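Read through the structure below, which is laid out as structure tokens, and then see the notes.
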Amino acid sequence: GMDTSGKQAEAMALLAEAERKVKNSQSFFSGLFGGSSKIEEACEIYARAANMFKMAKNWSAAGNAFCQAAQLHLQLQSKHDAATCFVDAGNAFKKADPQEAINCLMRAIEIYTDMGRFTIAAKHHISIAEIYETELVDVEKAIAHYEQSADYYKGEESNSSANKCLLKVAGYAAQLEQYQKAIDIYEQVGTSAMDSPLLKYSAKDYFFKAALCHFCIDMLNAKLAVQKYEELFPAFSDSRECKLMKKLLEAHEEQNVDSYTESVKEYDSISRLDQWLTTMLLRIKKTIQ
Amino acid sequence: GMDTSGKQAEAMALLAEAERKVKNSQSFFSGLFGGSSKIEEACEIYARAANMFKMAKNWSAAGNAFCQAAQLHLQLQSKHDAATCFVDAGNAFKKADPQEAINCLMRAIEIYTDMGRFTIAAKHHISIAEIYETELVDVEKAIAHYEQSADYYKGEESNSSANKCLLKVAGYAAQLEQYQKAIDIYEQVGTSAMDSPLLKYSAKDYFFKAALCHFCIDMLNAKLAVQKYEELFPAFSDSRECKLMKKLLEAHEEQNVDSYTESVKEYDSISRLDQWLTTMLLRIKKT
Amino acid sequence: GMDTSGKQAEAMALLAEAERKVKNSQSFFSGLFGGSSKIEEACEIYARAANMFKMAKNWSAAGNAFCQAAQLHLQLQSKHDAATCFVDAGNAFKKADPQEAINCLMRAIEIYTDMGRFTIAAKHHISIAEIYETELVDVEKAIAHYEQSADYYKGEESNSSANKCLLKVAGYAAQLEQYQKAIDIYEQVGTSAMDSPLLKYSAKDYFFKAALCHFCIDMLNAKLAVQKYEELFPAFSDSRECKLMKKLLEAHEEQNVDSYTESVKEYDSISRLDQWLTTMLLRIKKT
Amino acid sequence: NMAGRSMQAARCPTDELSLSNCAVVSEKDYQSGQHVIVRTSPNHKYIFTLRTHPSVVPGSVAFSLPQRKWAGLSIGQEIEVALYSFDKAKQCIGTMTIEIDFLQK
Amino acid sequence: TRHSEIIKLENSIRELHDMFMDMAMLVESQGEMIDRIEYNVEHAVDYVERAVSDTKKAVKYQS
Amino acid sequence: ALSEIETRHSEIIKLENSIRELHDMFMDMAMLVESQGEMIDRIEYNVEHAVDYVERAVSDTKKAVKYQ
Amino acid sequence: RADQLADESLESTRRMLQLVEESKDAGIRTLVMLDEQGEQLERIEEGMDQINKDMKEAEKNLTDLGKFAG
Amino acid sequence: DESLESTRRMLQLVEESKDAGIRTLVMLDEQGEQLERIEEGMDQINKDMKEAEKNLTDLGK
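What follows is the structure, encoded as structure tokens:
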């Protein structure tokens, strides 16, 4: 398209113009000492070139120009604008180079928390964890970022966001990490919703999950925890999950794989699986001996 | 970990430079009369020091710094910033030690009402009531704060917000063996929910509660109340609550405790109750 | 106001004293060259005259005054105000005569693109596309506008808005019988929706629509496509859409009209259909 | 041609050609009698005999319904078609066993 | 046939219940965001008004 | 068995009522939330315009101060 | 076969009653909740428009004053 | 027989409610999406206005 090629041509022209402008800017500071306008107009040229270049469908050099302009703006003691440009460069690099985007976003996060804005820092941490885990296969760093975001949210009584982050962290831990953290977080989130204005009945699932983890540890712990939750939370007593867990435990007690298999099959037929309970149940069945 | 230890180290450093700032700034004001910029700079130093204390997970000292900044700023003849600092100090003191949080939040409410903004004042009143309820047992102060918040919300035509506070107050009053306030609030809210295109479904619910509490006095008055509510709400008889209450009345008339208890247990089986209703029913059964 | 036409005549006179102002620009500003603020207040009177024209329901006059104010104010300065005035003129022109609204919106689009504001630009692109659809008959220009707006949205990871715009574009293309684009879009959006739990309940509809588009072109490949969809999503067959599609395709092997006629009638007996599906079926099942 | 070219599948234009079992082609692409291997996948190769017809649009081969299905050819689909040469000294069918059944009940 | 249709009803009611379980948390989170944005905007308006008014009086009266 | 079918008749009546309450209820939901969506769109547009205007305002004011 | 008839009927009635009432009360609480966000949005809209007017008038008058000074 | 037509009515109402609740979910999601952008814009304007006014007041001295 003509629009593309023209945009790239004018972008190269204006990048060369910005380079010569900054070099002449260094010359003029000593030559005439006009102050600091020269650099700020150079930064404006850089920003315009970068924006119209990312309209040219090309990203990497757009983000590079964003980073360079942000640096040449921060060297004039201006921070918030430089941090916003850092975040924009990270967004642009998201589709160009994950490492550069991550570095720029870490710089933005540190400068923001230095300013004193926690919610923005937590949002950026969540974005970092999401981009890190979606394309790069790794969790522990994602777990740490999610925990930091939850801590930042709890610092300003943002209960819902922190709850969602803790739930995700506990789920990840249960899938891979040891089950003590998962048990604690799941039980706490389940018991922090007994007086929920709108979620007065959803905690049962969480309780069930906790019980499943306990049954992952041992049968004795499984039954003790199931009882504890039964007495502590009366409603879970009449829950279908309670009957299913009792049936599964009693079947596993007598070592009859047919009963366990039929129970899980009928449960799945009655209600669809979720792809997380199925793996847990398969692991439990693997240890039936 | 190491982040917190560092934050605390450079924060102690910053507090040292901040006390130096205040001392040298008053000295410079006395000896040179440089204006008031230095006081503002000391205020921002206090603010950032308190913020990094919060990042360092030390809430008591962060709240102390916030209070100091607030008092110095209001000494600088500025309130809104001082009020913000005071509310931040109260939030910091919420956990750990909330006692001084009460006083600082009261000061914030006082300055807000002196300025004349009501909604934030009512929000802070309900927050203080929640603090009293959760951390203390002096339910009377909670009642006072809740009723003041309800007055504010109702005066500003925020009926929905006022109704929640009124229901809380009615429940608490019914808890402490006082039923006049509970009866009045329950009946008033039930009447106000009559013509709501949305809330009409629950108009019955509140009414039912009133009758139960009204039954705490005697039998005939309860019968009169239920029949009157039924005439006022023609559809009220459709629900089971009226049937259950009639069962209770007839069983209690002829000292039929067994039928009373069995009907209560059956209603529990079909639909379980809460602590409030269970306690009220057992108290009623006591006679 | 129905009786506010005396002051709208006075407002034509106000635009006239704006004319006196441009006469000052012609002759008097030689000595009032520092009266750039005077030109600004001239634009201000322009704007408020236009505003009461809007209040008087004179859409053509209001739009003309808006455009004149925009042109006068865009003296290579305050481009944002010029863009706001142009979009206001376009909104005024939306009713009555919308053609010039198109050009003024295009100018505002260019201004915002130069500035770097994208969501507003894409929203105005959607606005011009919909005004094309509802007033004029051109659809290809609307298709291009939707494509451009979706590109702008996807540039900043605005996935949902671009997805809906592309769904509308795919529907139009299917109506315009360009089935490759339609299938690509319907299935890209279906596979994207199925990725996250919050929308996994919608993928079935997209898959069914995509299957119809596929079944439109190549019967022999329709079976393979539906099998691929079924294996990709185990819970696609259970949906009534897959069963109905299987019934239609297997009955189409033999020339019995009654079979598919009764199948479609039975399906319609459970819920009404829409114009798009009914038209597509009527066209396709003819052969 | 010799190396093969990407092409779009087409429907057979005439009944006689469909009965001929010959892959109908465009005169500007292939010549009548030529044998071409249709690559629908790395492991899916089929051999067809080419017969020209005026209505064949350039860049496509008309396939009858039996041919398409047997070879899984979708109308409007892309396949790789390359000239295929028989080894007549070894690939001249001397005896072919053919199963016959009524085409329509 | 009654068994099949009641199993269909079982399905549908289960999905409806799950869908409400879904709506609830999203709505609550929206409200939580709303409260914070409201607080911040009120702070901003108060600060803007007082700062501009005081600075204007101070820079207008000294002359 | 007669009592069973009578109870099931009562149940079907109750089910009709409850589905006669939930449908209208959901419609109320839909209309109210659509209004909320329109109004949030409006306020967001206005906020963004104010942001741009104030940014350019500070830029121009600082340049004018620099002229001094 | 009446045993299975009765068992399935009891199961069906219990499940329908419980799910119906739960969905009812759920949507009910959502209904009660939405109005708070509605009025919050109203109040914030009022505040933001007030901000916009105040800042606009302030800046225009200040540009006028600066022009007068120069 | 009335039971069967009642079952048909129940199916119709249930499927209608589901088909509308799905789009209720969708539109709730876009509202949530808009909230973050508006909040970020608000915070940015607040940050810029605060810095600007404080710097100008400091220069006034």
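Residue numbers (the working numbering), protein chains in the order written: chain A, 147 to 435; chain B, 100 to 386; chain C, 100 to 386; chain D, 133 to 237; chain E, 3 to 65; chain F, 53 to 120; chain G, 1025 to 1094; chain H, 1346 to 1406. By construction, the Cβ of each residue, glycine as well, lies at the ideal position given by its N, Cα and C atoms.
Let me check one thing: in DSSP terms, what residues is residue i bridge-paired to?
{"i": "F/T113", "result": "F/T113 pairs with nothing; no bridge assigned."}
{"i": "D/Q140", "result": "D/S192, D/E210"}
Classify residue i as helix, strand or coil using the three-state DSSP reduction.
{"i": "D/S173", "result": "strand"}
{"i": "D/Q236", "result": "coil"}
{"i": "E/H5", "result": "helix"}
{"i": "A/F239", "result": "helix"}
{"i": "E/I39", "result": "helix"}
{"i": "B/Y300", "result": "helix"}
{"i": "D/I179", "result": "strand"}
{"i": "D/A155", "result": "strand"}
{"i": "D/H167", "result": "strand"}
{"i": "D/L215", "result": "strand"}
{"i": "C/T386", "result": "coil"}
{"i": "D/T184", "result": "strand"}
{"i": "D/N133", "result": "coil"}
{"i": "A/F175", "result": "helix"}
{"i": "A/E323", "result": "coil"}
{"i": "B/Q176", "result": "coil"}
{"i": "D/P198", "result": "helix"}
{"i": "A/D260", "result": "helix"}
Would residue i pass as a contact of residue j if the rule is Cβ separation under 8 Å?
{"i": "D/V213", "j": "D/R137", "result": "yes"}
{"i": "residue 130 of chain D", "j": "D/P145", "result": "Summary: the structure shown does not reach residue 130 of chain D, with chain D confined to residues 133 through 237, and so no result is reported for it."}
{"i": "C/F185", "j": "C/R206", "result": "yes"}
{"i": "H/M1355", "j": "F/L67", "result": "yes"}
{"i": "C/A168", "j": "C/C142", "result": "yes"}
{"i": "G/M1079", "j": "E/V50", "result": "yes"}
{"i": "D/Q199", "j": "D/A155", "result": "yes"}
{"i": "B/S259", "j": "G/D1059", "result": "yes"}
{"i": "C/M151", "j": "C/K194", "result": "no"}
{"i": "C/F314", "j": "C/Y328", "result": "no"}
{"i": "H/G1377", "j": "E/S31", "result": "yes"}
{"i": "A/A164", "j": "A/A195", "result": "yes"}
{"i": "C/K263", "j": "C/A272", "result": "no"}
{"i": "C/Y211", "j": "C/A200", "result": "no"}
{"i": "F/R60", "j": "G/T1037", "result": "yes"}
{"i": "A/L366", "j": "A/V335", "result": "no"}
{"i": "B/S295", "j": "H/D1403", "result": "no"}
{"i": "G/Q1074", "j": "E/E40", "result": "no"}
{"i": "A/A357", "j": "A/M391", "result": "yes"}
What are the residues in the region 365-384 of chain C lying within 8 Å of chain H by C-beta distance? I369, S370
Identify every run of the beta strand (DSSP E) within the region 186-220 of chain A, keeping only runs that are complete inside it and at least 3 residues long; order them along the chain. none
Which runs of the alpha helix (DSSP H), 4 residues or longer, sit entirely within the region 219-267 of chain B? 238-254
At a Cβ cut of 9 Å, what residues of the region 190-223 of chain D count as close to chain C, listed as they run along the chain? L197, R200, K201, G204, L205, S206, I207, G208, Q209
Taking Cβ-Cβ distances below 9 Å as the criterion, which residues of the region 1358-1389 of chain H are in contact with chain A? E1381, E1384, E1385, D1388, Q1389
Interface positions of the region 27-40 of chain E facing chain A (Cβ-Cβ less than 8 Å), listed along the chain: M27, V29, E30, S31, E34, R38
Please go through the region 322-357 of chain B and give each complete alpha helix (DSSP H) segment of 4 or more residues, from N-terminal end onward. 339-352
Going along the chain, which residues of the region 291-317 of chain B sit with their C-beta nearer than 9 Å to a C-beta in chain G? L297, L298, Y300, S301
Chain-ordered residues of the region 111-144 of chain B with a beta carbon less than 7 Å from chain H: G134, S136
Going along the region 240-272 of chain A in order, which residues come within less than 8 Å of chain B, judged by CB to CB distance? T259, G262
Please name the residues in the region 214-236 of chain A whose beta-carbon is closer than 8 Å to at least one beta-carbon of chain H, in chain order. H226, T230
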